[PDB]
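Q: The structure's right below; bear with me while I get my questions together.
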Ligand SMILES: OC[C@H]1O[C@H](O)[C@@H](O)[C@@H](O)[C@@H]1O
Ligand SMILES: OC[C@H]1O[C@H](O)[C@@H](O)[C@@H](O)[C@@H]1O
Ligand SMILES: [Ca+2]
Ligand SMILES: [Ca+2]
Ligand SMILES: [Ca+2]
Ligand SMILES: [Ca+2]
Ligand SMILES: [Ca+2]
Ligand SMILES: [Ca+2]
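Residue numbers (the entry's author numbering), protein chains in the order written: chain B, 0 to 140; chain A, 0 to 140.
Laid out in structure tokens, this is it:
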């Protein structure tokens, strides 16, 4: 039994939804936020990841459905303070899974976090021009 | 863990919330629907009851908070077709638990369904001027 809205998947205290469409981090951020609902205090946002179980759940959900090589935008960013990656949903950043050599802020223009499709979804920072698939998460505040 | 909004209780694939405020059926209906979230296709509505288990869950939840002698509005009414009760949430009436001699359309003016506080919540029809406590339910449409 779960109480997730239709088309959303239950794990723990949260609901998740994969969108199999290439888009920019900024557009994915709006798309996710667009599912919020103030009357039930539901905040929707890009996924934030807080444990190895949450990382795997999200990665396997994604790859269960998308077998193309490519990346998955997450809610991790350093736009407002270069070098300090935080979550858009305001949750704490205890869990990290950086790919080797990442984050590298490559050409001083990478502020937006994404899973790779390899190494269990190891993270990369990428640019505002780049495109990827995305995943949203509900928080019941 | 569940995926209900804060202050709503999870049971099966639904969430429930009791409001310990005496009001009319029409205003209870209004208040419940007010929580709906079209961005997530979440209907909030007066509770509909589809089994003994649902009945008992509802009755026990209510009577754990409210010890007063009185009734509980549910989403059952026969305004449009006298004698042919329907649920406001559009679900079909299968299960019924009418108290003895109900529905009796007393004084030709009882169109609104409610639990009694006795006999496991057996149902009565009452009028548009009557007042009762109310319970809302989320449906993930
Ligand atoms: O992998 C090294 C480098 O590769 C590309 O230039 C981009 O994906 C970068 O974000 C990444 O850091
Ligand atoms: O009128 C309120 C209530 O009065 C009595 O309890 C019964 O006649 C019920 O059928 C009726 O609905
Ligand atoms: Ca920067
Ligand atoms: Ca950066
Ligand atoms: Ca990088
Ligand atoms: Ca009537
Ligand atoms: Ca009637
Ligand atoms: Ca009656």
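Ideal Cβ positions, reconstructed from N, Cα and C, are used throughout, including at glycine.
1) Strictly below 8 Å CB to CB, what residues from chain A border residue 1(B)?
2) How big is the Cα-Cα spacing for residue 19(A) and residue 39(B)?
3) Using a Cβ-Cβ distance cut-off of 8 Å, determine whether residue 20(A) contacts chain B.
4) Which runs of the beta strand (DSSP E) spanning at least 3 residues fall entirely within the stretch 23-105 of chain B, listed in chain order?
5) For the stretch 22-39 of chain B, which residues have a beta carbon sitting closer than 8 Å to at least one beta carbon of chain A?
6) Quick one, which of 23(A), 13(A), 5(A) and 15(A) has its alpha-carbon nearest residue 145(B)'s?
7) Quick one: list the residues of chain A neighbouring residue 17(B), beta-carbon separation under 7 Å, in chain order.
8) Grab me the residues of residue 78(B)'s own chain with a C-beta within less than 7 Å of its C-beta, minus the 5 sequence neighbours each way, in chain order.
9) Can you find a CB in chain B that lies within less than 8 Å of the CB of residue 53(A)?
10) Quick check on the burial criterion: 16 or more other C-beta atoms within 10 angstroms. Buried or exposed for residue 92(B)?
11) With distances taken between CB atoms, is the gap from residue 117(B) to residue 42(B) smaller than 8 Å?
12) Check each candidate in 99(B), 131(B), 30(B) and 89(B) and name the one with the smallest Cα separation from residue 48(B).
13) By the 10 Å Cβ neighbour count, where 16 or more other Cβ atoms means buried, how is residue 0(B) classified, buried or exposed?
14) Would a check of beta-carbon distances place residue 84(B) closer than 8 Å to chain A?
A: Short version:
1) Counted from its first residue, the first chain places residue 1(B) at position 2. From the beta-carbon of residue 1(B), the residues of chain A found nearer than 8 Å are 1, 2 and 12.
2) Locating residue 19(A) in the second chain gives position 20, counting from the first residue. Locating residue 39(B) in the first chain gives position 40, counting from the first residue. Residue 39(B) has its alpha-carbon roughly 18 Å from the corresponding atom of residue 19(A).
3) Within the second chain, residue 20(A) is the residue found at index 21, counting from 1. Not an interface residue.
4) If we require 3 residues or more, the beta strand (DSSP E) runs fully inside the stretch 23-105 of chain B come out as 41-45 and 71-76.
5) Of all residues in the stretch 22-39 of chain B, only 33, 34, 35, 36, 38 and 39 place a beta-carbon less than 8 Å from a beta-carbon of chain A.
6) Outside the shown range of chain B (0 to 140) lies residue 145(B), about which nothing can therefore be said.
7) Counting from one through the first chain, the residue named residue 17(B) turns up at place 18. The contact set of residue 17(B) on chain A, defined by CB atoms closer than 7 Å, is empty, because the minimum CB distance reaches about 16 Å.
8) The residue you call residue 78(B) lines up with position 79 of the first chain. Correct list, in chain order: 110.
9) On the second chain, position 54 is the one that residue 53(A) refers to. Closer than 8 Å: no.
10) Start at 1 with the first residue of the first chain, and residue 92(B) comes out as number 93. Under this definition residue 92(B) is an exposed residue.
11) Taking the first residue of the first chain as position 1, residue 117(B) is located at position 118. Taking the first residue of the first chain as position 1, residue 42(B) is located at position 43. No, these two residues do not count as a Cβ contact at 8 Å.
12) Here the question's residue 48(B) lines up with position 49 in the first chain. Out of 99(B), 131(B), 30(B) and 89(B), 89(B) has the C-alpha closest to the C-alpha of residue 48(B).
13) Your numbering for residue 0(B) matches position 1 in the first chain. Its Cβ having fewer than 16 others within 10 Å, residue 0(B) is exposed.
14) As a first step, residue 84(B) must be located in the first chain, where it is residue number 85. Residue contact check for residue 84(B) against chain A: no CB pair falls below 8 Å.
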